[PDB]
Amino acid sequence: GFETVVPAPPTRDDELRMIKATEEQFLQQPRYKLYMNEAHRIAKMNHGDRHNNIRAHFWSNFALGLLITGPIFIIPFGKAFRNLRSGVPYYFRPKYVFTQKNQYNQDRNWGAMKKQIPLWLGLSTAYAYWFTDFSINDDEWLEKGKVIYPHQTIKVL
Amino acid sequence: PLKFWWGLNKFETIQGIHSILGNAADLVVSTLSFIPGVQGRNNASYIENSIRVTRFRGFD
Amino acid sequence: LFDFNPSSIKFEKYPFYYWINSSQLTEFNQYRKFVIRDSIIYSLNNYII
Amino acid sequence: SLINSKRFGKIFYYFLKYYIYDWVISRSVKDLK
Amino acid sequence: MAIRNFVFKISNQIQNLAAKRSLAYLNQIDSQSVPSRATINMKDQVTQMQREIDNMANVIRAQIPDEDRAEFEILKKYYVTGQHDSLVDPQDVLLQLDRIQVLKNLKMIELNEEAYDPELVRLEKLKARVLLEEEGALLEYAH
Amino acid sequence: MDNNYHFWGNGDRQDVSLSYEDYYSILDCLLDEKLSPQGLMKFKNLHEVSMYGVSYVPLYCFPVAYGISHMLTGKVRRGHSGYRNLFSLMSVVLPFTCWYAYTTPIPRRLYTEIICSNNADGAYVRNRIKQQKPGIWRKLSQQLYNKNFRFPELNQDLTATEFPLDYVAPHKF
Amino acid sequence: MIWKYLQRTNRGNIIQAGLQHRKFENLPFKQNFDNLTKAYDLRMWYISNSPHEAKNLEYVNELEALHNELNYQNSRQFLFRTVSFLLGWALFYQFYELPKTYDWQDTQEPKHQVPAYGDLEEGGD
Amino acid sequence: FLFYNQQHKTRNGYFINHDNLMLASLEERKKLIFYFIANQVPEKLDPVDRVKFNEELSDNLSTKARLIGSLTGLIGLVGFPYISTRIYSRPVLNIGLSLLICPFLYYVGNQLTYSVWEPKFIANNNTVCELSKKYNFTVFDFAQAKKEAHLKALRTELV
Amino acid sequence: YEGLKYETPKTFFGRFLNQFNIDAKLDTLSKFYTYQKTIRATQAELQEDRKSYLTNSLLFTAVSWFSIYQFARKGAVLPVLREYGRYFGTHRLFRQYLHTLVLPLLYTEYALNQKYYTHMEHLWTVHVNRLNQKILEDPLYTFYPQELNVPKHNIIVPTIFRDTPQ
Amino acid sequence: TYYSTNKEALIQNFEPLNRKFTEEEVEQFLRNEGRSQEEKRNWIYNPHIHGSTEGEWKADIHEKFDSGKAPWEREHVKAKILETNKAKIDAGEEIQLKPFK
Amino acid sequence: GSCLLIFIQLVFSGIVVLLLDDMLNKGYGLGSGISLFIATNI
């Protein structure tokens with residue numbers, strides 16, 4: 001935990017170079033990114049970028065998960081609603097509303113969907129969290145919260 | 001030329017074949033350890049296990 | 001269910017066996033005022049010889 | 001005991017015994033070299 | 001005795017199930033005669049497979065040159081039943097293939113090769129190669 | 001296998017396994033003044049991971065408690081009509097399943113770093129558990145020795161000139 | 001290729017399932033919960049899919065009778081299982097060695113047990 | 001792959017890296033580092049030590065592997081004629097079959113005898129232990145030797 | 001004490017032969033480190049476990065013998081063993097009595113050895129290590145009797161209070 | 001032509017280190033954690049932990065860290081290299097000081 | 001990318017790997033052309 005040499009207070013030329021670097025770094029902020037002017041702003045922005053990156057990957061995997069969880073799990077799961085454990089084909093057991101299941105397999109298909117759509121989404125979310133990588137934004141010791149100043153990013157003259 | 005089966009080592013099936021043969025030979029040696037002059041196989045040594053299990057690790 | 005499981009057998013007859021007092025085997029990093037406790041432990045272990 | 005001695009020397013090919021000795025025994029101390 | 005009776009009840013049910021599995025196709029006890037059809041279905045598949053192989057050969061028998069047909073047949077036969085029979089010699093199958101190849105080359109000689117001395121040389125060599133009545137010393141003196 | 005093996009709240013099979021009850025008891029016998037800023041960071045990361053985990057454990061155990069409560073009522077599913085018996089049996093059985101889960105050790109990289117680190121923080125934690133939590137350290141010493149960890153604080157220490165402070169359970173040398 | 005087993009839906013997922021005849025062939029010689037449930041399911045499925053009102057009303061009466069009998073069987077199951085559960089609970093806590101070695105710091109509040117602000121709680125300065 | 005030669009990747013301790021050293025004891029780490037350096041970068045040793053290590057390795061791993069591969073290749077030559085009849089001989093075909101079988105069996109036998117005897121040679125050899133104590137290499141020496149070995153392999157591929 | 005090394009047996013036969021020295025080893029420890037807390041606790045626990053297991057085995061033997069005698073008086077002999085032996089022709093009743101007396105004792109001895117074999121191996125290894133290092137001093141957790149302890153000096157006189165010059 | 005030139009440069013100008021790292025070099029490597037990147041380290045002299053005198057210690061520190069001079073470029077280190085590896089010096093092998101980069 | 005991690009697994013640094021990684025890519029591509037040229041001839 002040593003220390004570095006502290007330079008003497010900057011002259012007017014160094015102050016002007018610092019101001020130029022700060023204003024140039026100010027000009028680079030996209031107008032659709034609403035981060036206020038503060039010490040941690042740049043750091044936050046960096047964090048945000050990484051977060052957004054992760055987000056994209058996640059959603060891709062989520063979509064992919066849905067595909068991979070379509071025919072492999074949920075459809076074979078829906079194979080279990082054809083018959084009851086007694087061998088008699090599926091029939092409607094009404095809870096409170098005695099809905100008229102006049103269409104062909106309205107009862108069986110609706111029960112299968114009620115127990116399949118949540119399963120589909122849950123398995124897709126599990127796939128997305130299992131396969132996407134959060135490593136770029138992970139900071140075990142929280143060392144990436146250090147303040148980065150705009151004039152330190154850009155070198156002028 | 002003649003030496004390309006060595007390059008065939010990248011396939012996991014070939015590595016598994018080599019592992020099976022090596023473990024079988026280790027069993028043969030261990031059962032024959034009563035004869036003087038053969039060291040045998042020791043399972044309490046880190047070096048032997050590390051050499052066995054990391055031979056194909058990181059292959060490129 | 002299907003692997004090594006630590007045993008729960010212990011010494012269940014010797015009095016105050018698990019009132020362990022400070023020594024080089026415990027590095028003396030305990031609560032400061034536990035020194036009194038140590039004395040008590042010492043005395044107790046001299047009562048049961 | 002008697003059966004084991006007969007089977008070990010007769011059923012197995014003579015080359016395997018040559019192979020086993022050659023493979024176990026080191027090059028320097030090998031008789032045939 | 002109760003344990004033995006329970007074990008025998010389990011054994012009786014197991015044996016009934018085992019006989020049902022291995023003899024369901026004979027009887028119509030099962031509704032709609034399902035399992036029987038299954039076994040019949042299997043036979044169909046098996047038959048189809050064999051027929052398929054034969055049909056493939058027919059296709060190849062119509063696209064190879066006429067000189068090669070016999071050779072293919074030999075190979076075809078060895079792929080069907082020759083390999084599985086331990087009394088058939090692959091060495092003799094190869095020898096027969098070599099003889100047929102020599103005969104094919106001899107026929108190729110008769111395609112107007114127009115080589116005066118090589119015609120006689122190759123004819124004598126092929127006659128003595130397949131062990132005909134012609135002697136090797138005959139062509140040796142001819143040379 | 002997983003793409004997040006770097007995560008501190010994650011772990012593999014052969015990591016140090018501590019149940020939540022053991023973790024809280026271990027926390028009950030430590031002081032933050034005796035730990036370096038890195039050890040405090042490890043403990044804080046473990047704290048957030050473990051607060052989420054203790055929140056989530058009843059959710060994990062709910063399917064098993066639901067099934068057992070259903071099987072206690074009988075072989076009739078009176079959904080929306082057997083809710084009273086189902087949830088009384090649930091309020092009884094779900095605590096039992098959560099008891100089994102919370103007494104079940106789970107492996108974690110933070111568990112294996114806090115206990116098995118070779119710096120001063122690891123020695124401090126090991127000795128503190130050894131003296132203030134003799135039973136927890138008995139189980140933990142058995143587990144660590146089984147995992148090819150060689151520390152002076154272990155009861156199974158064949159290089160020591162001082163007698164063990166507890167009963168050494170049988171194990172394969 | 002991929003569409004054959006990814007887009008071409010299976011036959012079973014579309015048509016109505018048929019009766020599983022394997023589960024009605026060898027039935028035990030008992031009026032147990034399994035047989036009563038099979039009869040109830042058969043009649044309920046029939047009245048759910050049959051245009052014949054006479055058989056439907058006969059099956060309605062028989063379904064009410066089966067509902068009563070299945071309630072009786074479930075009462076027996078509930079009694080046996082819950083009594084076994086309660087007895088096992090009591091026996092477990094009878095044989096279990098309850099840990100009484102928990103920390104007692106929560107009961108002790110030395111600032112409140114002996115009021116640290118004594119003689120100052122009443123306004124005095 | 002076919003483009004490059006990979007017989008050196010899984011032989012003579014080329015596969016040793018820092019993971020083999022992190023879990024090893026101090027003495028075991030020294031032995032492993034010395035073995036890797038001696039097999040891959042012999043220039044770091046005195047010439048007499050190089051000769052001693054080559055002699056100790058040859059009669060145990062290198063020449064033994066060569067002999068085992070030769071024997072296993074001879075196993076694949078029970079009949080050299082292979083396909084052969086009175087009507088026609090197949091010299092080129094038999095030569096091709098030999099060049100396809102014997103190198104394969106040689107490779108299998110060599111890899112086997114390296115997979116069996118190399119760990120025991122590293123862990124149970126007196127010459128290796130004595131020379132490791134004599135040299136006492138460090139982790140920096142191992143890192144430099146790893147770089148040098150990779151660069152030498154690259155140079156050999158280039159030439 | 002001269003440098004001999006004690007190695008725990010690794011062979012199954014060696015371990016089986018060595019498990020009969022357990023009690024003997026403890027005696028030696030009880031004569032080297034009599035007041036060591038771990039040695040005393042091991043002695044107390046081994047004694048109480050021996051007493052409990054012996055009482056349980058004797059109760060099992062008494063119940064078994066009582067049952068065999070009472071049921072054999074009515075001709076109900078449990079068909080556990082062969083009737084008239086094989087070599088000496090002893091009867092099933094006698095062999096059942098012998099087994100119900102002996103096998104519980106063998107199981108008790110096996111369980112007692114299983115519990116304390118590793119513990120006694122660790123204790124003896126520590127003893128041998130501190131003998132090899134020529135450490136004849138008493139161990140850490142040694143609590144002497146009253147006659148061997150040092151009395152605590154009660155008379156502590158605080159120093160005279162004097163004003164600080166600064 | 002970049003590949004050909006780089007291959008020629010590598011083949012011509014690459015040799016193995018040919019020596020074991022000396023004690024001084026290893027100690028310098030272990031102390032290279034004291035090097036600071038992008039900003040010079042403020043070296044403070046404590047006579048009870050560094051010894052010598054302030055001027056001599058600061059000169060040695062400037063030689064070791066600030067100047068950028070490598071351990072193998074020090075005269076005493078070179079002498080140690082040429083002494084501890086004289087067996088390789090014999091039989092016509094020349095020791096390489098700076099590892100290839 | 002993958003080669004960068006592979007060569008950093010061996011003792012190396014990110015900057016040095018790129019110089020070494022480029023040579024192997026150039027060498028492998030040259031062999032691929034040689035294999036492609038051989039296929040055209042035969």
# chains A, B, ... in the order shown; residues from 1 in each chain; ligands from 1

$ residues_around --residues "range 4-11 of chain F" --least-positions-apart "2" --cutoff "12 Å" --atoms "only C-alpha atoms" --output "PDB file with N, CA, C and O atoms, in the first residue's frame"
ATOM      1  N   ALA A 128     -31.607 -19.699 -19.261  1.00  0.00           N
ATOM      2  CA  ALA A 128     -30.958 -18.410 -19.461  1.00  0.00           C
ATOM      3  C   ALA A 128     -29.996 -18.095 -18.328  1.00  0.00           C
ATOM      4  O   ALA A 128     -28.874 -17.641 -18.569  1.00  0.00           O
ATOM      5  N   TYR A 129     -30.407 -18.345 -17.083  1.00  0.00           N
ATOM      6  CA  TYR A 129     -29.522 -18.065 -15.957  1.00  0.00           C
ATOM      7  C   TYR A 129     -28.374 -19.061 -15.875  1.00  0.00           C
ATOM      8  O   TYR A 129     -27.299 -18.722 -15.371  1.00  0.00           O
ATOM      9  N   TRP A 130     -28.576 -20.287 -16.353  1.00  0.00           N
ATOM     10  CA  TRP A 130     -27.518 -21.285 -16.297  1.00  0.00           C
ATOM     11  C   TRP A 130     -26.447 -21.033 -17.347  1.00  0.00           C
ATOM     12  O   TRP A 130     -25.257 -21.224 -17.078  1.00  0.00           O
ATOM     13  N   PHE A 131     -26.839 -20.609 -18.548  1.00  0.00           N
ATOM     14  CA  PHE A 131     -25.896 -20.575 -19.656  1.00  0.00           C
ATOM     15  C   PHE A 131     -25.304 -19.202 -19.939  1.00  0.00           C
ATOM     16  O   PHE A 131     -24.215 -19.133 -20.516  1.00  0.00           O
ATOM     17  N   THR A 132     -25.968 -18.114 -19.563  1.00  0.00           N
ATOM     18  CA  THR A 132     -25.375 -16.806 -19.792  1.00  0.00           C
ATOM     19  C   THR A 132     -24.283 -16.540 -18.763  1.00  0.00           C
ATOM     20  O   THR A 132     -24.304 -17.070 -17.650  1.00  0.00           O
ATOM     21  N   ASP A 133     -23.314 -15.720 -19.154  1.00  0.00           N
ATOM     22  CA  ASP A 133     -22.130 -15.455 -18.347  1.00  0.00           C
ATOM     23  C   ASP A 133     -22.191 -14.025 -17.829  1.00  0.00           C
ATOM     24  O   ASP A 133     -22.260 -13.077 -18.618  1.00  0.00           O
ATOM     25  N   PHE A 134     -22.157 -13.875 -16.506  1.00  0.00           N
ATOM     26  CA  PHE A 134     -22.160 -12.575 -15.853  1.00  0.00           C
ATOM     27  C   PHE A 134     -20.761 -12.122 -15.461  1.00  0.00           C
ATOM     28  O   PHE A 134     -20.625 -11.188 -14.666  1.00  0.00           O
ATOM     29  N   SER A 135     -19.724 -12.764 -16.001  1.00  0.00           N
ATOM     30  CA  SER A 135     -18.367 -12.552 -15.509  1.00  0.00           C
ATOM     31  C   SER A 135     -17.878 -11.130 -15.741  1.00  0.00           C
ATOM     32  O   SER A 135     -17.113 -10.602 -14.926  1.00  0.00           O
ATOM     33  N   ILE A 136     -18.292 -10.498 -16.840  1.00  0.00           N
ATOM     34  CA  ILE A 136     -17.731  -9.197 -17.193  1.00  0.00           C
ATOM     35  C   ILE A 136     -18.100  -8.146 -16.153  1.00  0.00           C
ATOM     36  O   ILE A 136     -17.314  -7.235 -15.870  1.00  0.00           O
ATOM     37  N   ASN A 137     -19.293  -8.245 -15.573  1.00  0.00           N
ATOM     38  CA  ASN A 137     -19.732  -7.280 -14.578  1.00  0.00           C
ATOM     39  C   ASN A 137     -19.487  -7.737 -13.147  1.00  0.00           C
ATOM     40  O   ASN A 137     -19.593  -6.919 -12.231  1.00  0.00           O
ATOM     41  N   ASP A 138     -19.154  -9.007 -12.931  1.00  0.00           N
ATOM     42  CA  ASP A 138     -18.921  -9.494 -11.578  1.00  0.00           C
ATOM     43  C   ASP A 138     -17.641  -8.897 -11.011  1.00  0.00           C
ATOM     44  O   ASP A 138     -16.596  -8.897 -11.668  1.00  0.00           O
ATOM     45  N   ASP A 139     -17.726  -8.388  -9.783  1.00  0.00           N
ATOM     46  CA  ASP A 139     -16.580  -7.810  -9.083  1.00  0.00           C
ATOM     47  C   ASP A 139     -16.673  -8.271  -7.633  1.00  0.00           C
ATOM     48  O   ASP A 139     -17.430  -7.700  -6.843  1.00  0.00           O
ATOM     49  N   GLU A 140     -15.909  -9.311  -7.292  1.00  0.00           N
ATOM     50  CA  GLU A 140     -16.017  -9.904  -5.964  1.00  0.00           C
ATOM     51  C   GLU A 140     -15.586  -8.929  -4.879  1.00  0.00           C
ATOM     52  O   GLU A 140     -16.228  -8.839  -3.826  1.00  0.00           O
ATOM     53  N   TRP A 141     -14.505  -8.190  -5.112  1.00  0.00           N
ATOM     54  CA  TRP A 141     -13.964  -7.266  -4.127  1.00  0.00           C
ATOM     55  C   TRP A 141     -14.448  -5.837  -4.330  1.00  0.00           C
ATOM     56  O   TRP A 141     -13.993  -4.937  -3.620  1.00  0.00           O
TER      57      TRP A 141
ATOM     58  N   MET F   1     -19.152 -27.350 -17.055  1.00  0.00           N
ATOM     59  CA  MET F   1     -20.570 -27.416 -16.721  1.00  0.00           C
ATOM     60  C   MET F   1     -21.214 -26.035 -16.792  1.00  0.00           C
ATOM     61  O   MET F   1     -21.628 -25.585 -17.860  1.00  0.00           O
ATOM     62  N   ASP F   2     -21.295 -25.369 -15.644  1.00  0.00           N
ATOM     63  CA  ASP F   2     -21.899 -24.049 -15.565  1.00  0.00           C
ATOM     64  C   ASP F   2     -20.946 -22.991 -16.109  1.00  0.00           C
ATOM     65  O   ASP F   2     -19.723 -23.155 -16.092  1.00  0.00           O
ATOM     66  N   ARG F  13     -18.911 -29.802  -6.050  1.00  0.00           N
ATOM     67  CA  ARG F  13     -19.202 -30.840  -5.066  1.00  0.00           C
ATOM     68  C   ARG F  13     -18.155 -30.881  -3.963  1.00  0.00           C
ATOM     69  O   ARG F  13     -18.489 -31.065  -2.787  1.00  0.00           O
ATOM     70  N   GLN F  14     -16.882 -30.710  -4.317  1.00  0.00           N
ATOM     71  CA  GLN F  14     -15.781 -30.908  -3.384  1.00  0.00           C
ATOM     72  C   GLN F  14     -15.354 -29.618  -2.693  1.00  0.00           C
ATOM     73  O   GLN F  14     -14.191 -29.482  -2.300  1.00  0.00           O
ATOM     74  N   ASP F  15     -16.268 -28.668  -2.539  1.00  0.00           N
ATOM     75  CA  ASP F  15     -16.010 -27.483  -1.738  1.00  0.00           C
ATOM     76  C   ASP F  15     -16.459 -27.719  -0.302  1.00  0.00           C
ATOM     77  O   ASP F  15     -17.197 -28.660  -0.004  1.00  0.00           O
ATOM     78  N   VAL F  16     -15.999 -26.847   0.596  1.00  0.00           N
ATOM     79  CA  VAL F  16     -16.368 -26.974   1.999  1.00  0.00           C
ATOM     80  C   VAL F  16     -17.861 -26.743   2.146  1.00  0.00           C
ATOM     81  O   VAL F  16     -18.403 -25.737   1.674  1.00  0.00           O
ATOM     82  N   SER F  17     -18.534 -27.681   2.802  1.00  0.00           N
ATOM     83  CA  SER F  17     -19.985 -27.681   2.919  1.00  0.00           C
ATOM     84  C   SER F  17     -20.371 -27.296   4.338  1.00  0.00           C
ATOM     85  O   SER F  17     -19.962 -27.957   5.298  1.00  0.00           O
ATOM     86  N   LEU F  18     -21.152 -26.228   4.467  1.00  0.00           N
ATOM     87  CA  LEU F  18     -21.694 -25.796   5.746  1.00  0.00           C
ATOM     88  C   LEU F  18     -23.190 -25.581   5.597  1.00  0.00           C
ATOM     89  O   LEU F  18     -23.633 -24.927   4.649  1.00  0.00           O
ATOM     90  N   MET F  41     -14.574  -8.627   3.713  1.00  0.00           N
ATOM     91  CA  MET F  41     -15.216  -8.654   2.404  1.00  0.00           C
ATOM     92  C   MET F  41     -15.769 -10.038   2.088  1.00  0.00           C
ATOM     93  O   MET F  41     -16.885 -10.167   1.563  1.00  0.00           O
ATOM     94  N   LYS F  42     -15.001 -11.087   2.397  1.00  0.00           N
ATOM     95  CA  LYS F  42     -15.504 -12.444   2.207  1.00  0.00           C
ATOM     96  C   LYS F  42     -16.766 -12.675   3.023  1.00  0.00           C
ATOM     97  O   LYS F  42     -17.750 -13.234   2.521  1.00  0.00           O
ATOM     98  N   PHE F  43     -16.760 -12.239   4.283  1.00  0.00           N
ATOM     99  CA  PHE F  43     -17.924 -12.448   5.134  1.00  0.00           C
ATOM    100  C   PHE F  43     -19.132 -11.655   4.653  1.00  0.00           C
ATOM    101  O   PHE F  43     -20.261 -12.133   4.766  1.00  0.00           O
ATOM    102  N   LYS F  44     -18.924 -10.460   4.100  1.00  0.00           N
ATOM    103  CA  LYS F  44     -20.048  -9.670   3.601  1.00  0.00           C
ATOM    104  C   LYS F  44     -20.648 -10.279   2.336  1.00  0.00           C
ATOM    105  O   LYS F  44     -21.881 -10.325   2.179  1.00  0.00           O
ATOM    106  N   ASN F  45     -19.798 -10.745   1.417  1.00  0.00           N
ATOM    107  CA  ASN F  45     -20.312 -11.453   0.247  1.00  0.00           C
ATOM    108  C   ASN F  45     -21.092 -12.692   0.666  1.00  0.00           C
ATOM    109  O   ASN F  45     -22.182 -12.968   0.138  1.00  0.00           O
ATOM    110  N   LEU F  46     -20.552 -13.446   1.626  1.00  0.00           N
ATOM    111  CA  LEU F  46     -21.268 -14.606   2.135  1.00  0.00           C
ATOM    112  C   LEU F  46     -22.580 -14.196   2.783  1.00  0.00           C
ATOM    113  O   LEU F  46     -23.575 -14.916   2.684  1.00  0.00           O
ATOM    114  N   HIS F  47     -22.606 -13.036   3.439  1.00  0.00           N
ATOM    115  CA  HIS F  47     -23.835 -12.581   4.075  1.00  0.00           C
ATOM    116  C   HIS F  47     -24.929 -12.334   3.051  1.00  0.00           C
ATOM    117  O   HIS F  47     -26.077 -12.735   3.252  1.00  0.00           O
ATOM    118  N   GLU F  48     -24.602 -11.654   1.951  1.00  0.00           N
ATOM    119  CA  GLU F  48     -25.656 -11.389   0.970  1.00  0.00           C
ATOM    120  C   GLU F  48     -26.107 -12.677   0.280  1.00  0.00           C
ATOM    121  O   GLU F  48     -27.319 -12.923   0.123  1.00  0.00           O
ATOM    122  N   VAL F  49     -25.155 -13.535  -0.099  1.00  0.00           N
ATOM    123  CA  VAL F  49     -25.532 -14.807  -0.709  1.00  0.00           C
ATOM    124  C   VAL F  49     -26.419 -15.607   0.237  1.00  0.00           C
ATOM    125  O   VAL F  49     -27.444 -16.169  -0.170  1.00  0.00           O
ATOM    126  N   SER F  50     -26.068 -15.633   1.523  1.00  0.00           N
ATOM    127  CA  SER F  50     -26.798 -16.439   2.488  1.00  0.00           C
ATOM    128  C   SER F  50     -28.146 -15.840   2.856  1.00  0.00           C
ATOM    129  O   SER F  50     -29.076 -16.590   3.153  1.00  0.00           O
ATOM    130  N   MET F  51     -28.286 -14.511   2.861  1.00  0.00           N
ATOM    131  CA  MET F  51     -29.608 -13.943   3.099  1.00  0.00           C
ATOM    132  C   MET F  51     -30.558 -14.318   1.971  1.00  0.00           C
ATOM    133  O   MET F  51     -31.699 -14.739   2.221  1.00  0.00           O
ATOM    134  N   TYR F  52     -30.087 -14.244   0.721  1.00  0.00           N
ATOM    135  CA  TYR F  52     -30.938 -14.710  -0.370  1.00  0.00           C
ATOM    136  C   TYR F  52     -31.237 -16.202  -0.239  1.00  0.00           C
ATOM    137  O   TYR F  52     -32.377 -16.637  -0.448  1.00  0.00           O
ATOM    138  N   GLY F  53     -30.235 -16.997   0.138  1.00  0.00           N
ATOM    139  CA  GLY F  53     -30.444 -18.434   0.241  1.00  0.00           C
ATOM    140  C   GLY F  53     -31.448 -18.821   1.311  1.00  0.00           C
ATOM    141  O   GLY F  53     -32.303 -19.685   1.094  1.00  0.00           O
ATOM    142  N   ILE F 106     -24.191 -27.413   2.434  1.00  0.00           N
ATOM    143  CA  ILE F 106     -24.125 -27.099   1.009  1.00  0.00           C
ATOM    144  C   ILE F 106     -22.759 -26.500   0.697  1.00  0.00           C
ATOM    145  O   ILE F 106     -22.241 -25.691   1.480  1.00  0.00           O
ATOM    146  N   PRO F 107     -22.139 -26.866  -0.420  1.00  0.00           N
ATOM    147  CA  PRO F 107     -20.793 -26.371  -0.715  1.00  0.00           C
ATOM    148  C   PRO F 107     -20.811 -24.976  -1.316  1.00  0.00           C
ATOM    149  O   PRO F 107     -21.720 -24.601  -2.058  1.00  0.00           O
ATOM    150  N   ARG F 108     -19.776 -24.205  -0.988  1.00  0.00           N
ATOM    151  CA  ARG F 108     -19.645 -22.852  -1.506  1.00  0.00           C
ATOM    152  C   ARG F 108     -18.179 -22.449  -1.546  1.00  0.00           C
ATOM    153  O   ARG F 108     -17.384 -22.829  -0.679  1.00  0.00           O
ATOM    154  N   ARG F 109     -17.836 -21.659  -2.566  1.00  0.00           N
ATOM    155  CA  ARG F 109     -16.488 -21.114  -2.661  1.00  0.00           C
ATOM    156  C   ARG F 109     -16.188 -20.191  -1.490  1.00  0.00           C
ATOM    157  O   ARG F 109     -15.062 -20.160  -0.989  1.00  0.00           O
ATOM    158  N   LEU F 110     -17.180 -19.424  -1.040  1.00  0.00           N
ATOM    159  CA  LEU F 110     -16.963 -18.578   0.128  1.00  0.00           C
ATOM    160  C   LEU F 110     -16.758 -19.415   1.383  1.00  0.00           C
ATOM    161  O   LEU F 110     -15.953 -19.054   2.248  1.00  0.00           O
ATOM    162  N   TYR F 111     -17.469 -20.539   1.499  1.00  0.00           N
ATOM    163  CA  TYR F 111     -17.231 -21.444   2.619  1.00  0.00           C
ATOM    164  C   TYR F 111     -15.814 -21.999   2.586  1.00  0.00           C
ATOM    165  O   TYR F 111     -15.145 -22.070   3.623  1.00  0.00           O
ATOM    166  N   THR F 112     -15.334 -22.399   1.406  1.00  0.00           N
ATOM    167  CA  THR F 112     -13.996 -22.975   1.329  1.00  0.00           C
ATOM    168  C   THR F 112     -12.895 -21.925   1.414  1.00  0.00           C
ATOM    169  O   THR F 112     -11.750 -22.276   1.711  1.00  0.00           O
ATOM    170  N   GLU F 113     -13.207 -20.656   1.161  1.00  0.00           N
ATOM    171  CA  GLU F 113     -12.223 -19.592   1.316  1.00  0.00           C
ATOM    172  C   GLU F 113     -12.154 -19.071   2.744  1.00  0.00           C
ATOM    173  O   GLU F 113     -11.069 -18.735   3.226  1.00  0.00           O
ATOM    174  N   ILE F 114     -13.292 -18.990   3.431  1.00  0.00           N
ATOM    175  CA  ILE F 114     -13.299 -18.476   4.796  1.00  0.00           C
ATOM    176  C   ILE F 114     -12.613 -19.450   5.745  1.00  0.00           C
ATOM    177  O   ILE F 114     -11.844 -19.044   6.623  1.00  0.00           O
TER     178      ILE F 114
END

$ residues_around --residues "range 19-36 of chain K" --least-positions-apart "2" --cutoff "12 Å" --atoms "only C-alpha atoms" --output "PyMOL selection string"
(chain H and resi 1-4+147+150-151+153-155+157-159) or (chain J and resi 1-8+10+101) or (chain K and resi 1-8+12-17+38-42)

$ atom_distance --atom1 "CA of residue 71 in chain J" --atom2 "CA of residue 28 in chain J"
7.1 Å

$ atom_distance --atom1 "CA of residue 20 in chain F" --atom2 "CA of residue 97 in chain F"
14.0 Å

$ residues_around --residues "range 90-100 of chain H" --least-positions-apart "5" --cutoff "8 Å" --atoms "only C-alpha atoms" --output "number ranges by chain"
B: 2; H: 76-77, 80-84

$ interface_residues --of "chain I" --to "chain C" --cutoff "9 Å" --atoms "only C-alpha atoms" --output "list in words"
residues 35, 37, 38, 40, 41, 42, 44, 45, 48, 115, 140, 141, 143, 144, 145 and 146 of chain I

$ select_by_dssp --residues "chain I" --states "alpha helix (DSSP H)" --output "ChimeraX atom specification"
/I:12-18,22-32,37-72,92-132

$ residues_around --residues "range 35-46 of chain B" --least-positions-apart "2" --cutoff "8 Å" --atoms "only C-alpha atoms" --output "list in words"
residues 26, 29, 30, 32, 33, 48, 49 and 50 of chain B; 24 and 25 of chain D; 24, 120, 123 and 124 of chain H

$ interface_residues --of "chain G" --to "chain A" --cutoff "10 Å" --atoms "only C-alpha atoms" --output "PyMOL selection string"
chain G and resi 5-7+9-10+12-24+34-35+37-49

$ residues_around --residues "range 11-19 of chain D" --least-positions-apart "5" --cutoff "9 Å" --atoms "only C-alpha atoms" --output "PyMOL selection string"
(chain D and resi 6+24) or (chain H and resi 68+71-72)

$ write_last_selection --atoms "C-alpha atoms" --output "CSV table (one decimal), in the first residue's frame"
chain,number,residue,atom,x,y,z
D,6,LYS,CA,-0.3,-75.0,-15.7
D,24,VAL,CA,7.9,-54.1,-16.9
H,68,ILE,CA,7.4,-51.3,-26.6
H,71,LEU,CA,7.0,-54.9,-30.2
H,72,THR,CA,3.4,-53.8,-30.6

$ atom_distance --atom1 "CA of residue 75 in chain F" --atom2 "CA of residue 122 in chain A"
28.2 Å

$ interface_residues --of "chain D" --to "chain B" --cutoff "12 Å" --atoms "only C-alpha atoms" --output "ChimeraX atom specification"
/D:20-21,23-26,29-30

$ residues_around --residues "range 28-30 of chain E" --least-positions-apart "2" --cutoff "12 Å" --atoms "only C-alpha atoms" --output "PyMOL selection string"
(chain E and resi 20-21+23-26+32-37) or (chain G and resi 20-26)
